[PDB]
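The listed protein sequences correspond, in order, to chains C and D. Residue 53 is where the first sequence starts when you use my numbering, and the numbers rise one by one after that. Residue 6 is where the second sequence starts when you use my numbering, and the numbers rise one by one after that. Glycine residues also receive a C-beta, built at the ideal position from the N, C-alpha and C atoms. The structure appears below as structure tokens.
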Amino acid sequence: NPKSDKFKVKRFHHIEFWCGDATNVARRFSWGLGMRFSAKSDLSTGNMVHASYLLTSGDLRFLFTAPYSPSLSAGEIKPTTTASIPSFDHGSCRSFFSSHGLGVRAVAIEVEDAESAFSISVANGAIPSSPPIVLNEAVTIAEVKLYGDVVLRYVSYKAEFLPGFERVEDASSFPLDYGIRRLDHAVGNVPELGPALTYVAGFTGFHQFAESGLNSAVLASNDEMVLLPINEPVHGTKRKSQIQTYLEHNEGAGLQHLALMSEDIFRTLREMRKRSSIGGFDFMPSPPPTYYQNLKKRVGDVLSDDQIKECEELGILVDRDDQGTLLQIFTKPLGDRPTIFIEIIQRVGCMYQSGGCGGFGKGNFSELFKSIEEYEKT
Amino acid sequence: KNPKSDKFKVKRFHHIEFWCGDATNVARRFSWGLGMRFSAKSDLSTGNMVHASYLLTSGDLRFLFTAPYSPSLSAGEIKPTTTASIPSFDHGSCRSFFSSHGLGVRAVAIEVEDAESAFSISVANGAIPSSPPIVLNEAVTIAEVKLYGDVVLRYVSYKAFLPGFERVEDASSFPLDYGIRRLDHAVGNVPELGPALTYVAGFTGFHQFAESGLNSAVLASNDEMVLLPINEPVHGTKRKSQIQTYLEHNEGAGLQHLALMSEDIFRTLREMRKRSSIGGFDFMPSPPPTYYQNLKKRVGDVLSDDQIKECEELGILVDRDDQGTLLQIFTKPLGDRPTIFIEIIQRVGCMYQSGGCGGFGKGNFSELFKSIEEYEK
Ligand SMILES: Cc1c(C(=O)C2=C(O)CCCC2=O)ccc2c1C(=O)N(Cc1ccc(C#N)cc1)CC(=O)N2C
Ligand SMILES: Cc1c(C(=O)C2=C(O)CCCC2=O)ccc2c1C(=O)N(Cc1ccc(C#N)cc1)CC(=O)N2C
Ligand SMILES: [Co+2]
Ligand SMILES: [Co+2]
Numbered sequence: 053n054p055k056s057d058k059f060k061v062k063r064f065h066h067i068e069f070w071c072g073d074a075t076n077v078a079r080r081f082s083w084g085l086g087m088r089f090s091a092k093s094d095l096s097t098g099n100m101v102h103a104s105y106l107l108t109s110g111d112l113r114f115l116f117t118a119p120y121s122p123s124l125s126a127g128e129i130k131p132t133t134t135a136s137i138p139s140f141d142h143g144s145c146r147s148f149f150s151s152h153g154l155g156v157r158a159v160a161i162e163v164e165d166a167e168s169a170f171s172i173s174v175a176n177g178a179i180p181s182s183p184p185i186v187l188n189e190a191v192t193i194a195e196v197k198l199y200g201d202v203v204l205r206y207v208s209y210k211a212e213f214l215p216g217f218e219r220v221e222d223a224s225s226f227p228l229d230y231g232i233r234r235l236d237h238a239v240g241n242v243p244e245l246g247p248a249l250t251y252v253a254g255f256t257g258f259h260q261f262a263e264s265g266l267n268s269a270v271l272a273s274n275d276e277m278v279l280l281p282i283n284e285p286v287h288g289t290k291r292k293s294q295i296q297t298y299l300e301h302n303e304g305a306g307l308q309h310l311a312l313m314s315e316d317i318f319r320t321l322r323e324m325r326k327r328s329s330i331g332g333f334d335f336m337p338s339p340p341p342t343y344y345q346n347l348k349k350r351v352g353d354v355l356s357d358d359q360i361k362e363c364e365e366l367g368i369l370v371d372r373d374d375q376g377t378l379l380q381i382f383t384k385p386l387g388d389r390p391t392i393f394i395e396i397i398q399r400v401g402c403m404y405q406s407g408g409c410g411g412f413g414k415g416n417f418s419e420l421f422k423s424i425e426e427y428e429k430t
Numbered sequence: 006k007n008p009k010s011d012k013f014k015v016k017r018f019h020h021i022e023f024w025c026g027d028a029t030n031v032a033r034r035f036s037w038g039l040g041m042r043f044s045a046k047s048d049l050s051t052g053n054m055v056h057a058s059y060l061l062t063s064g065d066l067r068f069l070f071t072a073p074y075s076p077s078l079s080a081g082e083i084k085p086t087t088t089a090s091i092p093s094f095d096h097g098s099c100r101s102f103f104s105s106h107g108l109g110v111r112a113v114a115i116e117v118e119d120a121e122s123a124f125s126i127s128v129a130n131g132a133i134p135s136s137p138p139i140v141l142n143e144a145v146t147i148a149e150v151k152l153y154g155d156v157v158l159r160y161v162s163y164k165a166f167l168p169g170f171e172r173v174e175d176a177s178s179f180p181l182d183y184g185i186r187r188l189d190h191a192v193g194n195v196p197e198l199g200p201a202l203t204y205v206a207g208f209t210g211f212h213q214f215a216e217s218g219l220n221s222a223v224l225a226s227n228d229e230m231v232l233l234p235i236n237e238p239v240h241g242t243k244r245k246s247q248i249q250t251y252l253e254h255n256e257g258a259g260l261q262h263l264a265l266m267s268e269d270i271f272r273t274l275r276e277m278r279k280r281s282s283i284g285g286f287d288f289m290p291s292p293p294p295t296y297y298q299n300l301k302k303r304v305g306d307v308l309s310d311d312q313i314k315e316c317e318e319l320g321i322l323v324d325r326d327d328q329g330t331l332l333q334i335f336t337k338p339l340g341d342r343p344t345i346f347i348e349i350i351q352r353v354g355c356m357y358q359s360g361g362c363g364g365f366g367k368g369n370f371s372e373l374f375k376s377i378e379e380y381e382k
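Below, the structure written as structure tokens:
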């Protein structure tokens, strides 16, 4: 932890999906994850350009944007636009979606100064995507390129999401909550890790944090509350690499998965599993019971025997660090393309609680293989 | 006067196809918001490299949701070797349709007894073809002519869902059911009614069935079970027509609303309004109480005092025919644009029921302003 950040970062701010129709994705995600409609920006708020809806659960902010017809905004140019998020662009958005499907366009981090952060990033090698723009003399926004067509976004405050969003009338946004509270890491899939790590730790000063189809490294902020792992494929293997399958169906580099921190992963999983076949997110097939017998041998000090039996009801995977213990599970893909998916996380130990306590689960690749071959022979 | 002039044999509505950016998310939203089962699929998991297509069903109502993959996936596929289950599909036409109109209905699909002859007769009677007949396996034939806008009227026929779909695996298949049972009418908006009603009646032989800013007429098959109303705008000088607003945000003509018949509209509305703000569909703001104080005067012989009470709690609208009575309600738009919406209906009268029983609600245009004036006082 050299604390080598070239500017000051203070946690994730929001994840932005670009969609064909934003109403329907946001309503599916709302119900599937227990997130509340909190802010809107569309025709009803005087936006002729895009429709945008903010979901929030705790500190997690999911935003969903689709474009209107360009005719609607035909008498506007870029400085005269009615758009509340002025880095938007019809042709980029339709291009992004036609190429990659539904997915993440913007990983947005809060920084002390966005203007600064943009200047310091390009001067250390970052490809600019959107210059610094300020909203109603309060919030500043900027975009540099991250990987694929996914930008890293800088929100800064001078002195209720962004200006020109309206707070959502509480008679249409029902208090939903299944326990999700934070974005914990955002991960990207790429063809060559070396080049992507070199470029991205270059313009941020993020440090590196402490096969079965992939190689992976994590980039971290000074306090290690922003975590950005990146994977590449390992080819020729017995099975074909899931990383490789992503890149094919995504047409290149992109955001693989988002990991959401739960203040009670068992509450979250129950609520989510309850709604899988009625509009929410399905889950990966749960591991065999041999994986859970082996659990007492590796985490029996951390989890009681009943809690282990409740992991097994829910299909939870468990891995352990030098510092803490990780509880994790993975959804099936969120969209039509086998590309992006969600992972639900609770961390245990390392006490605020440090970021990364428990790792990221890599030990669970090997573990499963073993547990599935022990099961298939008895 | 039902002149029974169908230029070919027509059974009932078969399904509706939406074209979307992401099939998965639309279908799960609609399933939950409407009470429809996940019952069939065609996608990568079943060998379709071209499009994803998911099918929700409630009774005889079938909603299909379809989106395109990256073309890279099927680049060495020609039409004879296609893994597409719906051969009229076309990456360009979908992506084009969707950026011009957003989320919307591409295919109103009626089931015929022979689709090759339905297509031929239609095209021999003014129908502009969109897809000439393709034979799937050797069980089902499909053909598409132009309807209005980029919406096609699709002909399905059977010798005895579609080949290449699989049944949904029970675990993923939740038997949801809020009471909806079939599609009752399908309505388009066009800028000129006259050309559109001539074109469509010309190649079908459908017959006519018999201001607030719109003009419309209704085409129907011989038994009047397929119903096709069409609205045009009445442009004037007092208010901007709502039909014109549709045309602008849709970028021209398309399908305005689907009318979904419930076997028990009170139950359906109950379950839909429970889910409105947790993933489902909102509804248009409800009429003023003066509208419901006036209900017993007009249908006090059809609905009990208790059942009028339940209309008002659910915000339902009532209209009366020369022959029957109609319960109806309208959602807000299904997607980002102020274009397509859904209407839930149930008809009472005309005893098997005969189609269009009770009309289509035109009485409620003046019934509503009449109540808006009274509520003020
Ligand atoms: C992605 C992932 C991570 C993960 O978090 C990640 C990082 O955070 C940085 C370190 C490197 C890395 O791998 C950790 C464990 C993991 C997966 C995983 O992916 N799958 C398969 C899997 C297939 C298909 C879908 C879908 N849809 C989801 C997961 C299977 C599995 O057994 N385990 C245990
Ligand atoms: C469309 C429609 C029909 C309808 O079904 C139809 C046919 O079946 C064929 C004959 C003519 C026709 O109009 C019947 C009644 C009706 C509407 C209607 O549309 N709206 C406004 C309305 C605005 C915005 C939205 C939205 N979003 C939905 C409805 C308002 C209203 O008071 N009433 C009473
Ligand atoms: Co992870
Ligand atoms: Co109607």
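Where the alpha helix (DSSP H) containing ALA253 (chain C) begins and where it ends:
245 to 256
Would the segment 161 to 179 of chain D count as touching the segment 266 to 286 of chain D if we require 3 or more Cβ pairs under 8 Å?
no
Which residues neighbour ligand 2 when neighbourhood means a C-beta less than 7 Å away from any of its non-hydrogen atoms? List them by chain order.
D:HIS190, D:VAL192, D:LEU219, D:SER221, D:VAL223, D:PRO234, D:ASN236, D:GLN247, D:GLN261, D:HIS262, D:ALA264, D:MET289, D:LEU322, D:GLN333, D:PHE335, D:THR336, D:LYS337, D:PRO338, D:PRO343, D:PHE346, D:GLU348, D:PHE365, D:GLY366, D:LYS367, D:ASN369, D:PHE370, D:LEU373
In the structure shown, what three-state DSSP assignment does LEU124 (chain C) receive?
helix
With H, G and I counted as helix, E and B as strand and the rest as coil, what does DSSP make of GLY368 (chain D)?
helix
Please list the partners that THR29 (chain D) has in chain C, where partner means a Cβ-to-Cβ separation under 7 Å.
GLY387, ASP388
Mind checking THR71 (chain D): buried by the 16 CB within 10 Å criterion, or exposed?
buried
Is the CB-CB distance between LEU61 (chain D) and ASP73 (chain C) below 8 Å?
Not closer than 8 Å, so no.
Please report whether the beta-carbon of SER329 (chain C) lies at a distance below 8 Å from any beta-carbon of chain D.
yes
Got a sec: which bits of the segment 172 to 183 of chain D sit with their beta carbon under 9 Å from any beta carbon on chain E, in order along the chain?
No chain E is part of this structure, whose protein chains are labelled C and D.
List the residues of chain D whose Cβ lies closer than 9 Å to the Cβ of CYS409 (chain C), in chain order.
The premise fails here: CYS409 (chain C) is roughly 33 Å from chain D at the closest Cβ pair, so nothing lies under 9 Å.
Taking Cβ-Cβ distances below 8 Å as the criterion, which residues of the segment 72 to 83 of chain D are in contact with chain C?
Within the segment 72 to 83 of chain D, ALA72, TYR74, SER75, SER77, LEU78 place their CB atoms closer than 8 Å to a CB of chain C, listed in sequence order.
From the DSSP output, in three-state form, read off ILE137 (chain C) for me.
coil
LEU39 (chain D) Cβ short of 7 Å to ligand 6 heavy atom set:
Ligand 6 is absent from the structure shown, which contains only ligand 1, ligand 2, ligand 3 and ligand 4.
For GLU362 (chain C) and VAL351 (chain C), what's the separation of their Cα atoms in angstroms?
14 Å
DSSP state of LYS361 (chain C), grouped into three classes?
helix
Does the Cβ-Cβ distance between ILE172 (chain C) and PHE59 (chain C) come in under 8 Å?
yes
When we look at the beta-carbon of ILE129 (chain C) and count the other beta-carbons within 10 Å, is it buried (16 or more) or exposed?
exposed
Whose C-alpha, out of C:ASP111, C:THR132, C:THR320, is nearest the C-alpha of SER90 (chain C)?
Measuring from the Cα of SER90 (chain C), the nearest candidate turns out to be C:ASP111.
For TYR163 (chain D), collect the residues of the same chain with a Cβ closer than 7 Å to its Cβ; drop the 5 residues on either side in sequence, then sort them by chain order.
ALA144, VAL145
Taking 8 Å as the limit between beta carbons, can you name the residues of its chain near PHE149 (chain C), skipping five residues before and five after?
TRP70, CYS71, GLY72
Label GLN260 (chain C) either buried or exposed according to how many other C-beta atoms from any shown protein chain fall within 10 Å of its C-beta, with 16 as the threshold for buried.
exposed
I need the DSSP call for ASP373 (chain C), collapsed to helix, strand or coil.
Coil at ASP373 (chain C), not helix or strand.
Given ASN194 (chain D) as reference, the closest of D:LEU252, D:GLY320, D:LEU202, D:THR209 once Cα atoms are compared
Answer by Cα proximity: D:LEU252.
What is the DSSP secondary structure of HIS20 (chain D), reduced to helix, strand or coil?
strand
Under the rule that 16 or more other beta-carbon atoms within 10 Å means buried, what is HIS262 (chain D), buried or exposed?
buried
Please give the ranges of any alpha helix (DSSP H) in the segment 154 to 185 of chain C, keeping only runs that are unbroken, at least 4 residues long and fully inside the region.
166 to 175
Measure the C-alpha to C-alpha separation of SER309 (chain D) and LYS301 (chain D) and round it to an integer number of angstroms.
8 Å
Beta carbons nearer than 9 Å to chain D: which residues of the segment 143 to 155 of chain C have them?
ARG146, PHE149, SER150, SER151, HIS152, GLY153, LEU154
Per DSSP, which residues does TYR105 (chain C) bridge with? Please list them.
Beta bridge pairing from DSSP links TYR105 (chain C) with C:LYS92, C:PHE116.
DSSP three-state assignment for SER423 (chain C), whether helix, strand or coil
helix
Inter-residue spacing [alpha-carbon to alpha-carbon] between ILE185 (chain D) and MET266 (chain D):
6 Å
According to DSSP, is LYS348 (chain C) part of a helix, a strand, or is it coil?
helix
Quick check on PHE213 (chain C): buried or exposed, where buried means 16 or more other Cβ atoms within 10 Å of its Cβ?
buried
Using alpha carbons as the reference points, say which of D:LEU198, D:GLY40, D:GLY81, D:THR88 lies closest to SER58 (chain D).
D:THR88
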